[PDB]
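Student: Please find target-v1.cif (mmCIF, C-alpha atoms and all ligand atoms) on the next line:
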data_query
loop_
_atom_site.label_atom_id
_atom_site.label_comp_id
_atom_site.auth_asym_id
_atom_site.auth_seq_id
_atom_site.Cartn_x
_atom_site.Cartn_y
_atom_site.Cartn_z
CA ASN I 2 105.72 113.26 75.40
CA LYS I 3 108.76 112.55 73.24
CA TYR I 4 108.62 108.94 74.51
CA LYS I 5 105.40 107.21 75.48
CA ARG I 6 107.20 104.40 77.32
CA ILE I 7 110.65 104.18 78.84
CA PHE I 8 112.17 100.80 79.71
CA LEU I 9 114.88 101.18 82.29
CA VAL I 10 117.07 98.15 82.95
CA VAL I 11 119.52 98.00 85.80
CA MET I 12 122.06 95.23 85.35
CA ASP I 13 122.81 95.05 89.09
CA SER I 14 126.53 95.47 89.91
CA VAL I 15 127.67 95.49 86.24
CA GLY I 16 130.43 98.09 86.59
CA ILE I 17 132.64 99.33 83.78
CA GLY I 18 135.83 100.23 85.67
CA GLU I 19 137.06 101.98 88.82
CA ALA I 20 135.62 105.43 89.44
CA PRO I 21 137.65 108.59 90.32
CA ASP I 22 137.05 108.16 94.06
CA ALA I 23 137.76 104.39 93.99
CA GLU I 24 140.74 104.82 96.31
CA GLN I 25 138.57 106.07 99.19
CA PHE I 26 136.76 102.69 99.12
CA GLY I 27 139.78 100.41 98.66
CA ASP I 28 138.58 99.77 95.14
CA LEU I 29 141.61 100.65 92.99
CA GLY I 30 142.04 98.21 90.12
CA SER I 31 138.37 97.21 90.15
CA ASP I 32 136.76 96.51 86.80
CA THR I 33 133.67 94.30 86.78
CA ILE I 34 133.07 93.82 83.03
CA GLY I 35 136.80 93.95 82.17
CA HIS I 36 137.91 91.23 84.58
CA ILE I 37 135.00 89.04 83.51
CA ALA I 38 135.88 89.56 79.83
CA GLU I 39 139.49 88.56 80.62
CA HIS I 40 138.43 85.48 82.60
CA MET I 41 136.13 84.36 79.80
CA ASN I 42 138.89 84.92 77.22
CA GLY I 43 136.45 87.24 75.48
CA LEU I 44 132.85 87.90 76.39
CA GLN I 45 130.17 87.15 73.79
CA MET I 46 127.76 90.07 74.06
CA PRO I 47 127.08 90.88 70.39
CA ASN I 48 123.79 92.74 71.08
CA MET I 49 125.21 95.01 73.81
CA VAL I 50 128.11 95.54 71.35
CA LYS I 51 125.63 96.59 68.66
CA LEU I 52 124.10 99.10 71.11
CA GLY I 53 127.58 100.56 71.58
CA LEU I 54 128.97 98.97 74.78
CA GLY I 55 132.45 98.72 73.26
CA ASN I 56 132.23 102.33 72.19
CA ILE I 57 132.01 103.26 75.88
CA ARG I 58 135.07 101.10 76.52
CA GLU I 59 136.75 98.29 74.62
CA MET I 60 137.30 95.08 76.51
CA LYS I 61 138.19 91.51 75.59
CA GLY I 62 135.57 90.31 73.07
CA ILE I 63 133.77 93.65 73.29
CA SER I 64 134.68 95.95 70.42
CA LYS I 65 133.51 99.34 69.29
CA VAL I 66 131.24 99.51 66.25
CA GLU I 67 131.09 102.18 63.54
CA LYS I 68 127.35 102.82 63.84
CA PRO I 69 126.01 102.04 67.33
CA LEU I 70 122.28 101.34 67.58
CA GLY I 71 121.90 103.95 70.34
CA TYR I 72 123.67 106.58 72.41
CA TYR I 73 126.33 105.63 74.90
CA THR I 74 128.50 106.92 77.74
CA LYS I 75 129.22 106.05 81.32
CA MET I 76 127.96 107.45 84.61
CA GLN I 77 129.77 108.54 87.73
CA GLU I 78 128.23 108.04 91.16
CA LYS I 79 127.95 111.19 93.29
CA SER I 80 126.51 109.70 96.50
CA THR I 81 128.76 108.51 99.31
CA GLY I 82 127.89 104.79 99.33
CA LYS I 83 128.32 102.03 96.75
CA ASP I 84 125.33 99.86 97.79
CA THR I 85 122.20 98.94 95.77
CA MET I 86 119.91 101.34 97.63
CA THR I 87 122.22 104.32 97.18
CA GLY I 88 122.71 103.60 93.47
CA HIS I 89 119.00 103.22 92.74
CA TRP I 90 117.95 106.21 94.84
CA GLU I 91 120.50 108.32 92.94
CA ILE I 92 119.30 106.95 89.58
CA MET I 93 115.79 108.24 90.43
CA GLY I 94 116.97 111.73 91.30
CA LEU I 95 118.30 111.70 94.86
CA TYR I 96 121.63 112.48 96.47
CA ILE I 97 122.56 110.27 99.44
CA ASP I 98 125.18 111.52 101.85
CA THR I 99 124.92 108.71 104.39
CA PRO I 100 126.15 105.29 103.18
CA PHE I 101 124.51 102.01 104.19
CA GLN I 102 126.88 99.72 106.11
CA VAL I 103 127.97 96.10 105.69
CA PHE I 104 129.14 93.89 108.51
CA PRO I 105 131.68 91.25 107.40
CA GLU I 106 132.61 90.66 111.04
CA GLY I 107 129.02 90.86 112.32
CA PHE I 108 127.32 93.74 114.15
CA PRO I 109 128.79 96.01 116.85
CA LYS I 110 128.22 94.91 120.46
CA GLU I 111 126.54 98.25 121.19
CA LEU I 112 123.71 97.62 118.70
CA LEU I 113 123.15 94.01 119.83
CA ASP I 114 123.22 95.11 123.50
CA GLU I 115 120.43 97.64 122.79
CA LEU I 116 118.33 95.10 120.88
CA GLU I 117 118.66 92.67 123.83
CA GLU I 118 117.78 95.43 126.29
CA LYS I 119 114.65 96.33 124.31
CA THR I 120 113.49 92.78 123.57
CA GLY I 121 114.43 90.70 126.63
CA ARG I 122 115.97 88.00 124.45
CA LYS I 123 119.56 86.84 124.01
CA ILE I 124 121.18 87.07 120.60
CA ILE I 125 123.27 84.29 119.09
CA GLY I 126 125.28 84.02 115.87
CA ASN I 127 126.16 87.55 114.77
CA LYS I 128 128.02 86.74 111.56
CA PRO I 129 127.68 86.59 107.79
CA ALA I 130 126.09 83.26 106.83
CA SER I 131 123.58 81.68 104.52
CA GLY I 132 120.16 81.02 106.09
CA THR I 133 120.67 77.28 105.65
CA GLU I 134 124.16 77.06 107.18
CA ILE I 135 123.20 79.21 110.20
CA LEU I 136 120.04 77.21 110.99
CA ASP I 137 121.91 73.91 111.13
CA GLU I 138 124.55 75.48 113.36
CA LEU I 139 122.26 77.30 115.83
CA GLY I 140 118.69 76.26 115.10
CA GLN I 141 118.56 73.75 117.97
CA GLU I 142 120.11 76.19 120.47
CA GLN I 143 117.56 78.78 119.28
CA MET I 144 114.69 76.36 119.98
CA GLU I 145 115.99 75.37 123.41
CA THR I 146 116.73 78.88 124.65
CA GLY I 147 114.23 81.20 122.92
CA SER I 148 117.27 83.11 121.59
CA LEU I 149 117.25 85.15 118.38
CA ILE I 150 119.58 84.13 115.60
CA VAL I 151 120.97 87.35 114.17
CA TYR I 152 123.02 87.20 110.99
CA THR I 153 123.98 89.13 107.86
CA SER I 154 124.92 88.54 104.21
CA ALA I 155 127.47 90.25 101.95
CA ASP I 156 124.80 92.94 101.55
CA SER I 157 123.53 95.59 103.93
CA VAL I 158 121.02 93.49 105.82
CA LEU I 159 120.23 92.34 109.34
CA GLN I 160 118.44 88.98 109.44
CA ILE I 161 116.63 87.58 112.51
CA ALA I 162 115.74 83.89 112.45
CA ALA I 163 113.45 82.23 114.96
CA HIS I 164 111.47 79.00 115.09
CA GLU I 165 107.75 79.63 114.60
CA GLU I 166 106.77 77.29 117.44
CA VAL I 167 109.19 78.90 119.89
CA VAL I 168 108.99 82.61 119.05
CA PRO I 169 105.52 83.60 117.84
CA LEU I 170 105.52 85.18 114.35
CA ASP I 171 103.95 88.44 115.57
CA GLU I 172 106.69 88.70 118.22
CA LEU I 173 109.35 88.11 115.57
CA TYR I 174 107.85 90.96 113.51
CA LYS I 175 107.79 93.23 116.61
CA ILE I 176 111.47 92.44 117.29
CA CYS I 177 112.31 93.22 113.64
CA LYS I 178 110.52 96.56 113.93
CA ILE I 179 112.57 97.41 117.07
CA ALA I 180 115.74 96.43 115.15
CA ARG I 181 114.59 98.55 112.20
CA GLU I 182 114.36 101.63 114.51
CA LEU I 183 117.74 100.93 116.08
CA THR I 184 119.43 100.58 112.72
CA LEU I 185 118.29 104.05 111.60
CA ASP I 186 121.62 105.28 112.86
CA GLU I 187 124.64 106.06 110.72
CA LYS I 188 126.92 103.98 113.00
CA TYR I 189 124.99 100.85 112.04
CA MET I 190 122.81 101.76 109.09
CA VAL I 191 121.34 98.66 107.43
CA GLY I 192 119.36 98.83 104.21
CA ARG I 193 117.10 96.01 105.24
CA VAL I 194 115.99 94.15 108.40
CA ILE I 195 114.62 90.68 107.52
CA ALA I 196 112.43 88.36 109.60
CA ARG I 197 113.43 84.74 108.84
CA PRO I 198 110.97 82.45 110.60
CA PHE I 199 111.65 78.71 110.32
CA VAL I 200 110.08 75.37 111.27
CA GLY I 201 111.06 71.72 111.52
CA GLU I 202 113.67 70.10 113.73
CA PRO I 203 117.47 69.62 113.98
CA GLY I 204 118.87 68.30 110.72
CA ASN I 205 115.63 69.25 108.97
CA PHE I 206 114.99 73.01 109.33
CA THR I 207 113.13 74.89 106.61
CA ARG I 208 112.65 78.67 106.26
CA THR I 209 108.94 79.53 105.93
CA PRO I 210 107.21 81.92 103.48
CA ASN I 211 106.32 84.14 106.43
CA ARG I 212 109.40 86.23 105.70
CA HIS I 213 108.94 89.99 106.07
CA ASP I 214 111.29 92.82 105.09
CA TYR I 215 111.72 96.16 106.77
CA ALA I 216 113.34 98.56 104.30
CA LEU I 217 114.01 102.27 104.61
CA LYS I 218 112.13 104.68 102.38
CA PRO I 219 114.30 106.65 99.90
CA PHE I 220 115.74 109.79 101.54
CA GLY I 221 113.53 112.10 99.53
CA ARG I 222 110.71 112.01 97.02
CA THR I 223 111.88 110.41 93.80
CA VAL I 224 111.03 110.80 90.11
CA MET I 225 108.94 107.63 90.60
CA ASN I 226 106.84 109.43 93.23
CA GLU I 227 106.34 112.24 90.71
CA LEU I 228 105.41 109.92 87.83
CA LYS I 229 102.91 108.14 90.07
CA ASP I 230 101.40 111.40 91.31
CA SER I 231 100.88 112.54 87.70
CA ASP I 232 98.88 109.40 86.87
CA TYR I 233 101.63 107.71 84.83
CA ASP I 234 102.34 103.99 84.99
CA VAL I 235 105.32 102.92 87.06
CA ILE I 236 105.88 99.20 86.66
CA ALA I 237 108.53 97.71 88.95
CA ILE I 238 110.06 94.42 87.94
CA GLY I 239 112.10 92.26 90.28
CA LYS I 240 113.74 93.88 93.35
CA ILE I 241 112.87 97.44 92.16
CA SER I 242 109.75 97.74 94.33
CA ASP I 243 111.58 96.55 97.47
CA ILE I 244 114.57 98.81 96.75
CA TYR I 245 112.28 101.90 96.81
CA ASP I 246 110.02 100.39 99.52
CA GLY I 247 107.16 100.68 97.01
CA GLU I 248 107.46 104.47 96.62
CA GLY I 249 106.13 105.66 93.28
CA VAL I 250 105.24 102.10 92.15
CA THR I 251 101.86 101.49 90.44
CA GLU I 252 102.48 97.80 89.65
CA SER I 253 105.07 95.30 90.80
CA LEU I 254 106.16 92.10 89.03
CA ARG I 255 108.02 89.50 91.10
CA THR I 256 110.86 87.62 89.34
CA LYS I 257 112.95 84.60 90.35
CA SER I 258 115.90 84.88 87.96
CA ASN I 259 117.56 87.04 85.32
CA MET I 260 115.78 85.12 82.54
CA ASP I 261 112.53 85.51 84.46
CA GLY I 262 113.29 89.26 84.70
CA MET I 263 113.66 89.41 80.89
CA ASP I 264 110.36 87.52 80.52
CA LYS I 265 108.65 90.17 82.67
CA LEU I 266 110.28 92.92 80.65
CA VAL I 267 108.80 91.30 77.55
CA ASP I 268 105.40 91.19 79.32
CA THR I 269 105.55 94.96 79.91
CA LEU I 270 106.40 95.60 76.24
CA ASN I 271 103.11 93.84 75.45
CA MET I 272 101.32 96.19 77.87
CA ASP I 273 99.62 99.41 76.83
CA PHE I 274 101.07 101.79 79.38
CA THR I 275 102.34 105.34 79.53
CA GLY I 276 105.28 105.89 81.85
CA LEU I 277 108.15 103.81 83.12
CA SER I 278 108.90 100.12 83.16
CA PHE I 279 111.75 99.50 85.58
CA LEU I 280 113.73 96.24 85.77
CA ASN I 281 116.47 95.11 88.12
CA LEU I 282 118.49 92.08 86.96
CA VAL I 283 119.81 90.92 90.33
CA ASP I 284 121.61 87.59 89.65
CA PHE I 285 124.80 89.38 88.55
CA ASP I 286 125.20 90.76 92.06
CA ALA I 287 123.56 88.17 94.35
CA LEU I 288 124.83 84.94 92.72
CA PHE I 289 128.17 85.90 91.11
CA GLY I 290 129.61 89.22 92.25
CA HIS I 291 129.46 88.58 96.01
CA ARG I 292 130.43 84.95 95.57
CA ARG I 293 133.43 86.17 93.51
CA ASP I 294 132.58 83.82 90.63
CA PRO I 295 133.71 85.38 87.32
CA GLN I 296 132.77 82.26 85.31
CA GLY I 297 129.11 82.26 86.42
CA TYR I 298 129.03 86.05 86.11
CA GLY I 299 130.35 85.79 82.51
CA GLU I 300 127.82 83.10 81.59
CA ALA I 301 125.00 85.20 83.10
CA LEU I 302 126.02 88.20 80.95
CA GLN I 303 126.00 86.07 77.78
CA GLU I 304 122.61 84.58 78.71
CA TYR I 305 121.21 88.10 79.20
CA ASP I 306 122.71 89.45 75.98
CA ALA I 307 121.06 86.59 73.97
CA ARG I 308 117.62 87.78 75.20
CA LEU I 309 118.11 91.30 73.77
CA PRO I 310 117.11 90.86 70.09
CA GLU I 311 113.55 90.10 71.24
CA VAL I 312 113.53 93.36 73.21
CA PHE I 313 114.77 95.27 70.12
CA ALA I 314 112.06 93.67 67.92
CA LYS I 315 109.34 94.78 70.35
CA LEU I 316 110.38 98.41 70.92
CA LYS I 317 108.17 100.96 69.20
CA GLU I 318 109.26 104.29 67.69
CA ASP I 319 108.05 106.13 70.80
CA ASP I 320 109.76 103.71 73.22
CA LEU I 321 113.08 104.42 74.81
CA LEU I 322 115.34 101.68 76.24
CA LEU I 323 117.84 102.60 78.95
CA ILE I 324 120.41 100.10 80.14
CA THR I 325 122.64 100.90 83.08
CA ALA I 326 123.98 99.57 86.41
CA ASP I 327 123.97 100.74 90.06
CA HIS I 328 127.65 100.09 91.09
CA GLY I 329 130.30 97.45 90.46
CA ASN I 330 130.82 94.07 92.13
CA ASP I 331 134.06 92.84 90.61
CA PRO I 332 134.21 89.02 90.96
CA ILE I 333 138.05 89.07 90.97
CA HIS I 334 138.45 91.53 93.85
CA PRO I 335 139.30 91.14 97.57
CA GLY I 336 136.52 90.58 100.09
CA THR I 337 132.81 90.34 99.42
CA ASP I 338 131.66 93.99 99.09
CA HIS I 339 130.68 96.07 96.05
CA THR I 340 133.27 98.05 94.10
CA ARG I 341 133.17 101.75 93.40
CA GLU I 342 132.87 101.90 89.59
CA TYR I 343 131.58 103.90 86.68
CA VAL I 344 128.43 102.31 85.21
CA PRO I 345 127.61 102.02 81.51
CA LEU I 346 124.74 103.91 79.95
CA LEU I 347 123.07 102.82 76.77
CA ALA I 348 120.07 104.69 75.37
CA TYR I 349 118.21 103.19 72.42
CA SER I 350 115.07 103.92 70.47
CA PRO I 351 114.14 102.43 67.07
CA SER I 352 113.33 106.06 66.11
CA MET I 353 117.10 106.75 66.15
CA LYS I 354 117.32 106.04 62.38
CA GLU I 355 120.93 107.16 62.04
CA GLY I 356 122.16 105.31 65.15
CA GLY I 357 123.53 107.13 68.19
CA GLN I 358 126.59 109.02 69.35
CA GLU I 359 128.64 109.46 72.48
CA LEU I 360 126.97 111.47 75.26
CA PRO I 361 128.96 113.58 77.70
CA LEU I 362 129.88 111.52 80.80
CA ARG I 363 126.99 111.60 83.33
CA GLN I 364 128.33 113.25 86.48
CA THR I 365 125.55 111.76 88.61
CA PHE I 366 123.24 108.70 88.20
CA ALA I 367 120.40 111.24 88.68
CA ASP I 368 120.79 112.25 85.03
CA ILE I 369 118.66 109.15 84.33
CA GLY I 370 115.87 110.39 86.63
CA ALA I 371 116.13 113.95 85.20
CA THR I 372 115.78 112.50 81.64
CA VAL I 373 112.73 110.48 82.69
CA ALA I 374 111.18 113.50 84.47
CA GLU I 375 111.73 115.82 81.51
CA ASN I 376 110.29 113.29 79.05
CA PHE I 377 107.08 112.97 81.03
CA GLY I 378 106.82 116.67 81.99
CA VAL I 379 106.81 116.05 85.77
CA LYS I 380 108.72 118.14 88.35
CA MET I 381 112.49 117.93 87.68
CA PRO I 382 114.54 116.30 90.43
CA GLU I 383 116.83 118.44 92.56
CA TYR I 384 119.90 116.61 91.17
CA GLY I 385 120.73 115.45 87.65
CA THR I 386 120.91 116.89 84.15
CA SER I 387 118.60 115.44 81.49
CA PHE I 388 120.09 114.12 78.24
CA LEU I 389 116.65 113.89 76.58
CA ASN I 390 117.47 116.56 73.98
CA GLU I 391 120.73 114.83 73.07
CA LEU I 392 118.70 111.84 71.78
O1 LIG F 401 121.44 83.62 103.11
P1 LIG F 401 119.87 83.98 103.09
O2 LIG F 401 119.23 83.79 104.42
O3 LIG F 401 119.25 83.01 101.94
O4 LIG F 401 119.75 85.47 102.51
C1 LIG F 401 120.78 85.98 101.65
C2 LIG F 401 120.51 87.44 101.33
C3 LIG F 401 119.90 88.09 102.57
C4 LIG F 401 118.79 88.98 102.01
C5 LIG F 401 119.00 88.86 100.52
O5 LIG F 401 120.08 89.74 100.17
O6 LIG F 401 119.46 87.52 100.38
MN MN F 402 137.34 96.76 97.54
MN MN F 403 123.12 96.64 93.30
MN MN F 404 125.14 93.43 96.51
#
Take the structure in the file and give it back as structure tokens.
Tutor:
Amino acid sequence: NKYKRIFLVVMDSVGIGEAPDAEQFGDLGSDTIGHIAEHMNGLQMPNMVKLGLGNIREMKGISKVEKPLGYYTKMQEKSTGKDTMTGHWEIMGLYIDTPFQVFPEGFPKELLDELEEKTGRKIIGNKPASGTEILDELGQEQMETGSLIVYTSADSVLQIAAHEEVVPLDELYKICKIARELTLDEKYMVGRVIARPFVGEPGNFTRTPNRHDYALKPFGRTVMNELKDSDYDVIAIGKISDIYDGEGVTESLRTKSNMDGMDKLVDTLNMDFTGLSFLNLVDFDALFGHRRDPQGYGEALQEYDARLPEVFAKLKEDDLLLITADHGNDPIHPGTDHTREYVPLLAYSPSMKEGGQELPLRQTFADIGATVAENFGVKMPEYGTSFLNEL
């Protein structure tokens, strides 16, 4: 192998400007990093700058440097959708024609009618909501009537809440499985069906740890599958395991925050493995992008950038670091959905003694997967062109 370990970091939703097909998505003018840099009156990301972020594109506070630490370019998304699952599946070598759907006005009557017909239960709610808000609103009705609370978030999910002492847990899971089958349909395709059992009483409802997720498997065998099948290590940190429904994963490290994600990254750098360490930093998307909060987004980016010198100090000569994103989620944009954007790509190894250069623009995210596959000598994915030899 040219690299013994590859550390792949997805900064979730950290887009670097509207993509060529942005218009098809109503995403003209979108620019995640750029609008944040403007809001902040200049972003302080000196370590990303040293890697060459500003060389990809200059933005307020983010300037190009003469001798970037690593190689740099941006990546264009080829798949139809702009959701997390699509982006990640493409990164690991897939092409996804069918987008996952979001439901800002709740779910179509047709879907809910079929779920009712298959379960024998009424459905109440049917709107985007936090799990807390929705429980206070409808928790008591749910208890009294044996109804299912069905709701969504700004993401592609269908959540089903039910009191544990009214609807038995195993029945809630059965219902979620029925919903999971019904939602395998392009009309209403959800990335994730989530059981949200709760207990307590009106004015004091708490969601229990008996939560279960029903994700779809990637539409194809990924580069992670191939690494795993060739006895390499595939360490998933954060949401990565869930995003791929565990496919190709040899070890999974739960995280509770961006800083916690960086701690786990540091843990893997202390590990003697051969293969891929794969981190998703999710706060950018879940806490700031969807909530349209450029101030908190900007602070999160600075907090993350400050963690980077430790990562640099720990990389070995045969380690490669890859930093990218999976779409945009511009916090100064209409609505609550993702934005169709280019994503940055930074590729750094301490063995690059002369620094890096610009790479040709990556025409699919799958170039990352192809690079990983070629490095480890596993079967090349169907999509993607490796840039391994450019490094
Ligand atoms: O509002 P909730 O119930 O806390 O969930 C919000 C989203 C739903 C699933 C995950 O995206 O987090
Ligand atoms: Mn838009
Ligand atoms: Mn995402
Ligand atoms: Mn999202």
Student: Would you list the residues that come within 10 Å of ligand MN 404 (chain F)? Count all atoms listed in the file and give the answer as an MDAnalysis selection string.
Tutor: chainID I and resid 13:14 83:86 103 154:157 283:291 327:330 337:340
Student: Those selected residues, please, written with C-alpha atoms and delivered as a PDB file, in the coordinates of the input.
Tutor:
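Contents of the output file out.pdb:
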ATOM      1  CA  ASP I  13     122.810  95.050  89.090  1.00  0.00           C
ATOM      2  CA  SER I  14     126.530  95.470  89.910  1.00  0.00           C
ATOM      3  CA  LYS I  83     128.320 102.030  96.750  1.00  0.00           C
ATOM      4  CA  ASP I  84     125.330  99.860  97.790  1.00  0.00           C
ATOM      5  CA  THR I  85     122.200  98.940  95.770  1.00  0.00           C
ATOM      6  CA  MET I  86     119.910 101.340  97.630  1.00  0.00           C
ATOM      7  CA  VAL I 103     127.970  96.100 105.690  1.00  0.00           C
ATOM      8  CA  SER I 154     124.920  88.540 104.210  1.00  0.00           C
ATOM      9  CA  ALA I 155     127.470  90.250 101.950  1.00  0.00           C
ATOM     10  CA  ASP I 156     124.800  92.940 101.550  1.00  0.00           C
ATOM     11  CA  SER I 157     123.530  95.590 103.930  1.00  0.00           C
ATOM     12  CA  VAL I 283     119.810  90.920  90.330  1.00  0.00           C
ATOM     13  CA  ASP I 284     121.610  87.590  89.650  1.00  0.00           C
ATOM     14  CA  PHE I 285     124.800  89.380  88.550  1.00  0.00           C
ATOM     15  CA  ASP I 286     125.200  90.760  92.060  1.00  0.00           C
ATOM     16  CA  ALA I 287     123.560  88.170  94.350  1.00  0.00           C
ATOM     17  CA  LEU I 288     124.830  84.940  92.720  1.00  0.00           C
ATOM     18  CA  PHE I 289     128.170  85.900  91.110  1.00  0.00           C
ATOM     19  CA  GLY I 290     129.610  89.220  92.250  1.00  0.00           C
ATOM     20  CA  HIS I 291     129.460  88.580  96.010  1.00  0.00           C
ATOM     21  CA  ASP I 327     123.970 100.740  90.060  1.00  0.00           C
ATOM     22  CA  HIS I 328     127.650 100.090  91.090  1.00  0.00           C
ATOM     23  CA  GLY I 329     130.300  97.450  90.460  1.00  0.00           C
ATOM     24  CA  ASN I 330     130.820  94.070  92.130  1.00  0.00           C
ATOM     25  CA  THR I 337     132.810  90.340  99.420  1.00  0.00           C
ATOM     26  CA  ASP I 338     131.660  93.990  99.090  1.00  0.00           C
ATOM     27  CA  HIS I 339     130.680  96.070  96.050  1.00  0.00           C
ATOM     28  CA  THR I 340     133.270  98.050  94.100  1.00  0.00           C
TER      29      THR I 340
END
Student: Between I:7, I:15, I:161, I:379, which has the minimum distance to ligand MN 403 (chain F) (counting only C-alpha atoms and all ligand atoms)?
Tutor: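 Smallest separation from ligand MN 403 (chain F) among the options: I:15.
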Student: Got a sec: who's within 8 Å of stretch 33-46 of chain I, counting only C-alpha atoms, leaving out chain neighbours fewer than 3 positions off, as a list in words?
Tutor: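 Contacts, with the query itself left out: residues 14, 15, 16, 17, 18, 49, 50, 60, 61, 62, 63, 295, 296, 298, 299, 302, 303, 306, 307, 329, 330, 331, 332 and 333 of chain I.
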Student: What's the separation between atom CA of residue I:56 and atom CA of residue I:72, in Å to one decimal place?
Tutor: 9.6 Å
Student: At a cut-off of 6 Å around ligand MN 402 (chain F), and using all atoms listed in the file, what residues come up? Please write them as a PDB file with C-alpha atoms, in the coordinates of the input.
Tutor:
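And here's part.pdb as it stands now:
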ATOM      1  CA  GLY I  27     139.780 100.410  98.660  1.00  0.00           C
ATOM      2  CA  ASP I  28     138.580  99.770  95.140  1.00  0.00           C
ATOM      3  CA  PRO I 335     139.300  91.140  97.570  1.00  0.00           C
ATOM      4  CA  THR I 340     133.270  98.050  94.100  1.00  0.00           C
TER       5      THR I 340
END
Student: Within 12 Å of stretch 110-112 of chain I, counting only C-alpha atoms, which residues show up once you throw out same-chain ones fewer than 6 positions away? Write them as a list in words, please.
Tutor: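 After dropping sequence-adjacent residues, the list is residues 118, 119, 124, 125, 127, 151, 159, 179, 180, 181, 182, 183, 184, 185, 186, 187, 188, 189, 190 and 191 of chain I.
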Student: Could you give me the residues within 9 Å of ligand LIG 401 (chain F), counting only C-alpha atoms and all ligand atoms, as number ranges by chain?
Tutor: I: 129-135, 152-160, 162, 193-195, 197, 208, 214, 287
Student: Nearest to ligand MN 403 (chain F): which of I:91, I:19, I:32, I:375 is it, counting all atoms listed in the file?
Tutor: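 Nearest candidate to ligand MN 403 (chain F) out of I:91, I:19, I:32, I:375: I:91.
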